[PDB]
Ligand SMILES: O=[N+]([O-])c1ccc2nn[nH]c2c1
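A lone chain, given as C-alpha coordinates: the form deposited without the named molecule.
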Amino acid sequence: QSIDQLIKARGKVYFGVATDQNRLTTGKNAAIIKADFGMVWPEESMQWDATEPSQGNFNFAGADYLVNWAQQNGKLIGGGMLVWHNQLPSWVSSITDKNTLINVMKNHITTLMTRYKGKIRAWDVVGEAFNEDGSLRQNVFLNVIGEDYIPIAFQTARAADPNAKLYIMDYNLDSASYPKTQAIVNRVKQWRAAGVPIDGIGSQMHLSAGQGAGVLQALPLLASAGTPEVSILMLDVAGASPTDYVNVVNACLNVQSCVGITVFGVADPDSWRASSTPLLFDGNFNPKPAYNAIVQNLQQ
(Lines give C-alpha, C1' and ligand atoms only; values in the text may rest on other atoms or scores of the structure.)
Protein backbone atom coordinates (compact mmCIF):
# COMPACT_ATOMS: atom_id res chain seq x y z
CA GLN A 1 0.00 0.00 0.00
CA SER A 2 0.88 3.68 -0.43
CA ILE A 3 1.78 5.44 2.81
CA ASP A 4 0.77 8.71 1.15
CA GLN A 5 -2.74 7.48 0.39
CA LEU A 6 -3.00 6.05 3.90
CA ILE A 7 -1.85 9.24 5.63
CA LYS A 8 -4.35 11.20 3.50
CA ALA A 9 -7.04 8.78 4.71
CA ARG A 10 -6.04 9.85 8.23
CA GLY A 11 -6.60 13.52 7.36
CA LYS A 12 -2.99 14.61 6.71
CA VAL A 13 -1.86 16.36 3.52
CA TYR A 14 0.95 14.12 2.26
CA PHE A 15 3.73 11.65 2.76
CA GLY A 16 6.54 13.12 0.71
CA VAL A 17 10.05 12.37 -0.49
CA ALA A 18 13.16 14.33 -1.41
CA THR A 19 14.40 13.69 -4.93
CA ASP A 20 15.69 15.36 -8.10
CA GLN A 21 16.15 14.73 -11.82
CA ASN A 22 19.22 12.52 -11.33
CA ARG A 23 17.16 10.12 -9.16
CA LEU A 24 14.10 10.18 -11.42
CA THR A 25 16.09 9.07 -14.50
CA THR A 26 17.58 5.94 -12.85
CA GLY A 27 16.76 2.86 -10.81
CA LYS A 28 13.18 2.43 -9.63
CA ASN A 29 12.86 5.85 -7.99
CA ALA A 30 10.21 7.31 -10.28
CA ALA A 31 8.02 4.20 -10.05
CA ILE A 32 8.13 4.12 -6.24
CA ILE A 33 7.55 7.86 -5.89
CA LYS A 34 4.60 7.63 -8.27
CA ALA A 35 3.08 4.71 -6.34
CA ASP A 36 3.74 5.58 -2.71
CA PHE A 37 4.38 9.32 -2.20
CA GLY A 38 2.25 12.40 -2.74
CA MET A 39 4.79 15.23 -2.64
CA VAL A 40 8.34 15.81 -3.92
CA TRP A 41 11.00 18.18 -2.64
CA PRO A 42 14.25 19.07 -4.47
CA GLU A 43 17.31 17.70 -2.69
CA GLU A 44 19.61 20.16 -4.46
CA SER A 45 18.12 21.70 -7.63
CA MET A 46 16.53 24.70 -5.83
CA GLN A 47 19.51 25.49 -3.60
CA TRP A 48 21.28 28.79 -4.08
CA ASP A 49 24.30 27.34 -5.91
CA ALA A 50 22.13 25.45 -8.42
CA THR A 51 19.85 28.39 -9.20
CA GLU A 52 22.12 31.48 -8.96
CA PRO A 53 25.77 30.41 -9.45
CA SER A 54 26.74 34.01 -10.22
CA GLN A 55 24.99 37.21 -9.21
CA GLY A 56 21.72 37.78 -11.05
CA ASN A 57 22.31 34.92 -13.49
CA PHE A 58 19.62 32.37 -12.75
CA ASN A 59 19.15 28.83 -14.02
CA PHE A 60 16.40 26.30 -13.40
CA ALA A 61 17.44 23.18 -15.34
CA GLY A 62 16.95 20.69 -12.50
CA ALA A 63 14.25 22.70 -10.74
CA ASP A 64 12.06 22.95 -13.84
CA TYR A 65 12.51 19.22 -14.42
CA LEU A 66 11.18 18.40 -10.96
CA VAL A 67 8.30 20.93 -11.06
CA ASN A 68 7.16 19.67 -14.47
CA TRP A 69 7.59 16.03 -13.31
CA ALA A 70 5.52 16.62 -10.19
CA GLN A 71 2.68 18.18 -12.17
CA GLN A 72 2.76 15.45 -14.82
CA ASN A 73 2.48 12.80 -12.07
CA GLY A 74 -0.04 14.51 -9.75
CA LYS A 75 2.41 15.27 -6.93
CA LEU A 76 2.62 18.31 -4.70
CA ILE A 77 5.88 20.28 -4.86
CA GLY A 78 7.89 21.95 -2.13
CA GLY A 79 10.84 24.27 -2.72
CA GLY A 80 13.95 25.32 -0.85
CA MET A 81 16.20 26.27 0.68
CA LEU A 82 15.95 29.99 -0.09
CA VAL A 83 18.27 31.28 2.67
CA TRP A 84 20.85 28.88 4.15
CA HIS A 85 24.59 28.71 4.85
CA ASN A 86 24.84 25.36 3.03
CA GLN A 87 25.05 25.12 -0.75
CA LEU A 88 25.71 28.86 -0.74
CA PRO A 89 28.04 30.29 -3.41
CA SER A 90 31.14 32.07 -2.17
CA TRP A 91 30.09 35.10 -4.22
CA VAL A 92 27.27 35.48 -1.67
CA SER A 93 29.24 34.80 1.51
CA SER A 94 32.00 37.14 0.31
CA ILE A 95 29.56 40.08 0.44
CA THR A 96 30.39 42.16 3.50
CA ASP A 97 27.87 45.00 3.47
CA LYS A 98 24.29 44.93 4.71
CA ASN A 99 22.38 46.59 1.86
CA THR A 100 24.08 44.63 -0.91
CA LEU A 101 23.39 41.34 0.86
CA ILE A 102 19.79 42.37 1.59
CA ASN A 103 19.27 43.18 -2.09
CA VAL A 104 20.95 39.97 -3.26
CA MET A 105 18.88 37.90 -0.79
CA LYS A 106 15.60 39.60 -1.76
CA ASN A 107 16.32 39.14 -5.48
CA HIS A 108 17.13 35.46 -4.92
CA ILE A 109 13.92 34.81 -2.96
CA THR A 110 11.70 36.76 -5.34
CA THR A 111 13.12 35.26 -8.52
CA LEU A 112 12.79 31.63 -7.41
CA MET A 113 9.35 32.00 -5.89
CA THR A 114 7.95 34.05 -8.81
CA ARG A 115 8.99 31.45 -11.37
CA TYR A 116 6.67 28.86 -9.81
CA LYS A 117 4.07 31.24 -8.35
CA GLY A 118 0.89 29.44 -7.32
CA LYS A 119 2.34 25.97 -7.96
CA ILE A 120 4.44 25.37 -4.81
CA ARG A 121 2.77 24.20 -1.63
CA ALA A 122 5.50 25.44 0.68
CA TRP A 123 8.95 27.02 0.63
CA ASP A 124 11.73 26.47 3.15
CA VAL A 125 12.55 30.18 3.43
CA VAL A 126 15.20 30.09 6.20
CA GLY A 127 17.11 26.98 7.23
CA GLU A 128 19.41 26.14 10.13
CA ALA A 129 19.24 29.60 11.71
CA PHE A 130 19.95 28.41 15.29
CA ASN A 131 22.95 27.26 17.23
CA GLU A 132 22.57 24.26 19.53
CA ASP A 133 22.34 26.59 22.53
CA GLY A 134 19.39 28.49 21.02
CA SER A 135 21.28 31.61 19.95
CA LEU A 136 21.20 32.53 16.27
CA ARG A 137 23.76 30.87 13.99
CA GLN A 138 26.45 33.28 12.81
CA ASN A 139 25.99 32.68 9.09
CA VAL A 140 26.81 35.40 6.57
CA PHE A 141 23.25 36.72 6.76
CA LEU A 142 23.35 37.22 10.54
CA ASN A 143 26.91 38.55 10.42
CA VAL A 144 26.29 41.12 7.65
CA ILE A 145 22.58 41.98 7.78
CA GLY A 146 21.94 41.20 11.44
CA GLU A 147 18.93 39.51 12.90
CA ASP A 148 16.57 41.44 10.62
CA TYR A 149 17.52 39.06 7.79
CA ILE A 150 14.84 36.64 9.01
CA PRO A 151 12.01 39.24 9.04
CA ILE A 152 13.19 40.49 5.61
CA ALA A 153 13.40 37.01 4.08
CA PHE A 154 9.85 36.09 5.17
CA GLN A 155 8.29 39.43 4.20
CA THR A 156 9.88 39.16 0.76
CA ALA A 157 8.72 35.58 0.32
CA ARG A 158 5.12 36.41 1.23
CA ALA A 159 5.09 39.17 -1.39
CA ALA A 160 6.56 36.90 -4.06
CA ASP A 161 3.91 34.18 -3.68
CA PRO A 162 1.18 34.75 -1.08
CA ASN A 163 -0.24 31.24 -1.77
CA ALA A 164 2.87 29.40 -0.52
CA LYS A 165 3.28 28.27 3.07
CA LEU A 166 6.49 29.85 4.40
CA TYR A 167 8.64 27.74 6.71
CA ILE A 168 11.64 28.04 8.94
CA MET A 169 13.34 24.69 9.43
CA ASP A 170 16.05 23.27 11.66
CA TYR A 171 17.57 20.03 12.93
CA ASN A 172 18.08 18.74 16.48
CA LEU A 173 14.56 19.77 17.45
CA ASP A 174 13.88 16.21 18.57
CA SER A 175 13.64 16.65 22.36
CA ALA A 176 11.35 19.00 24.27
CA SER A 177 14.10 19.36 26.90
CA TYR A 178 16.77 20.54 24.43
CA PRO A 179 17.54 24.31 24.38
CA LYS A 180 17.38 24.53 20.57
CA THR A 181 13.79 23.26 20.50
CA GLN A 182 12.67 25.72 23.15
CA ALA A 183 14.57 28.59 21.52
CA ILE A 184 13.02 28.23 18.05
CA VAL A 185 9.58 28.15 19.68
CA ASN A 186 10.24 31.32 21.70
CA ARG A 187 11.78 33.17 18.74
CA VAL A 188 9.07 32.18 16.29
CA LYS A 189 6.39 33.39 18.72
CA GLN A 190 8.19 36.74 19.01
CA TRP A 191 8.76 37.02 15.24
CA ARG A 192 5.10 36.35 14.56
CA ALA A 193 4.15 38.97 17.17
CA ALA A 194 6.39 41.36 15.22
CA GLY A 195 4.50 40.55 12.01
CA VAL A 196 6.96 38.14 10.40
CA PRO A 197 4.86 35.77 8.22
CA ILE A 198 6.15 32.40 9.42
CA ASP A 199 3.49 29.85 8.48
CA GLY A 200 5.44 26.79 9.56
CA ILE A 201 8.24 25.19 11.54
CA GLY A 202 9.83 22.22 9.77
CA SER A 203 11.74 19.70 11.85
CA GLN A 204 14.68 18.32 9.87
CA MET A 205 14.74 14.86 11.41
CA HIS A 206 18.03 12.98 10.99
CA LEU A 207 17.61 10.56 13.88
CA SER A 208 19.84 7.98 15.48
CA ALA A 209 18.39 4.70 16.70
CA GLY A 210 15.92 5.19 19.54
CA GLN A 211 15.42 8.95 19.02
CA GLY A 212 11.92 8.65 17.57
CA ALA A 213 10.30 8.45 21.01
CA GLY A 214 11.53 11.93 21.94
CA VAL A 215 9.65 13.43 18.98
CA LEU A 216 6.35 12.57 20.67
CA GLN A 217 6.83 15.50 23.07
CA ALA A 218 9.11 17.67 20.90
CA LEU A 219 6.63 18.02 18.03
CA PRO A 220 3.80 19.38 20.25
CA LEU A 221 6.31 21.83 21.73
CA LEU A 222 7.17 23.03 18.23
CA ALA A 223 3.44 23.41 17.52
CA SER A 224 3.06 25.64 20.60
CA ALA A 225 4.71 28.53 18.74
CA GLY A 226 1.36 29.15 17.07
CA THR A 227 2.35 28.66 13.46
CA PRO A 228 -0.53 27.46 11.28
CA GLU A 229 1.51 24.37 10.37
CA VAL A 230 4.42 22.21 11.36
CA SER A 231 6.03 19.53 9.22
CA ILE A 232 8.65 16.79 9.34
CA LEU A 233 11.28 16.93 6.59
CA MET A 234 14.52 15.31 5.49
CA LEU A 235 13.52 12.32 7.63
CA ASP A 236 15.87 9.37 7.93
CA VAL A 237 16.72 7.09 10.86
CA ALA A 238 19.91 5.12 11.40
CA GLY A 239 18.89 1.47 11.45
CA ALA A 240 15.36 2.34 10.23
CA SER A 241 13.77 0.61 13.22
CA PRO A 242 9.99 0.22 12.74
CA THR A 243 9.58 1.67 16.24
CA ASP A 244 11.50 4.86 15.44
CA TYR A 245 9.52 5.44 12.23
CA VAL A 246 6.18 4.63 13.89
CA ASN A 247 6.95 7.06 16.74
CA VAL A 248 7.63 9.86 14.22
CA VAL A 249 4.37 9.10 12.39
CA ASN A 250 2.41 9.01 15.66
CA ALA A 251 3.87 12.39 16.64
CA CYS A 252 2.54 13.91 13.43
CA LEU A 253 -0.85 12.18 13.88
CA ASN A 254 -1.03 13.61 17.41
CA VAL A 255 -0.27 17.19 16.34
CA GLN A 256 -3.24 18.73 14.53
CA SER A 257 -1.06 21.35 12.83
CA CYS A 258 1.38 18.72 11.47
CA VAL A 259 0.54 18.57 7.77
CA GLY A 260 2.80 15.74 6.66
CA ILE A 261 6.15 14.00 6.61
CA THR A 262 8.91 13.94 3.99
CA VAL A 263 11.56 11.18 3.94
CA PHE A 264 15.04 12.00 2.72
CA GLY A 265 15.11 9.72 -0.33
CA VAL A 266 13.81 6.39 -1.57
CA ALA A 267 16.36 3.57 -1.31
CA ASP A 268 19.12 2.96 1.25
CA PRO A 269 22.13 2.80 -1.17
CA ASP A 270 21.31 6.33 -2.35
CA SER A 271 21.29 7.99 1.07
CA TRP A 272 24.08 10.30 2.21
CA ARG A 273 24.45 7.78 5.05
CA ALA A 274 23.65 4.67 3.02
CA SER A 275 25.50 2.27 5.33
CA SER A 276 23.19 3.15 8.23
CA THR A 277 20.32 1.75 6.08
CA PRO A 278 18.16 4.69 7.19
CA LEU A 279 15.37 4.84 4.58
CA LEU A 280 12.17 2.91 3.86
CA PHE A 281 13.28 0.91 0.77
CA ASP A 282 16.26 -1.43 0.66
CA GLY A 283 18.99 -1.86 -1.95
CA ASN A 284 16.61 -3.95 -4.07
CA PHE A 285 14.09 -1.07 -4.07
CA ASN A 286 11.81 -3.28 -1.86
CA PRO A 287 9.80 -1.98 1.11
CA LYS A 288 11.52 -2.52 4.45
CA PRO A 289 9.98 -3.53 7.77
CA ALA A 290 9.67 0.15 8.68
CA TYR A 291 7.62 0.81 5.52
CA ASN A 292 5.28 -2.06 6.35
CA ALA A 293 5.04 -0.88 9.96
CA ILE A 294 3.98 2.59 8.79
CA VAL A 295 1.39 0.95 6.52
CA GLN A 296 0.05 -1.06 9.47
CA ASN A 297 0.03 2.01 11.73
CA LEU A 298 -1.95 4.08 9.24
CA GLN A 299 -4.50 1.45 8.20
CA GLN A 300 -7.96 1.97 9.73
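Residue numbers run from 1 along the displayed sequence.
Beyond what is shown, the protein has a form deposited with the named molecule bound; the following relates to that form.
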| query | Might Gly80 be said to contact the named molecule in the bound PDB entry, defining contact as any heavy atom within 4.5 Å? | reply | yes
| query | Does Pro42 reach the named molecule in the bound PDB entry if we count a contact as any heavy atom within 4.5 Å? | reply | yes
| query | Might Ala70 be said to contact the named molecule in the bound PDB entry, defining contact as any heavy atom within 4.5 Å? | reply | no
| request: Tell me, yes or no, whether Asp124 is in contact with the named molecule in the bound PDB entry, where a contact means a heavy atom of each within 4.5 Å. | output: yes
| Taking the partner as it appears in the bound PDB entry, which of 22 to 30, 54 to 62, 249 to 257, 232 to 240 has residues with heavy atoms within 4.5 Å of the named molecule? | 232 to 240
| request: With the named molecule left out of view, choose which of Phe264, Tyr245, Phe37, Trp48 has a non-hydrogen atom within 4.5 angstroms of it in the bound PDB entry. | output: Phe264
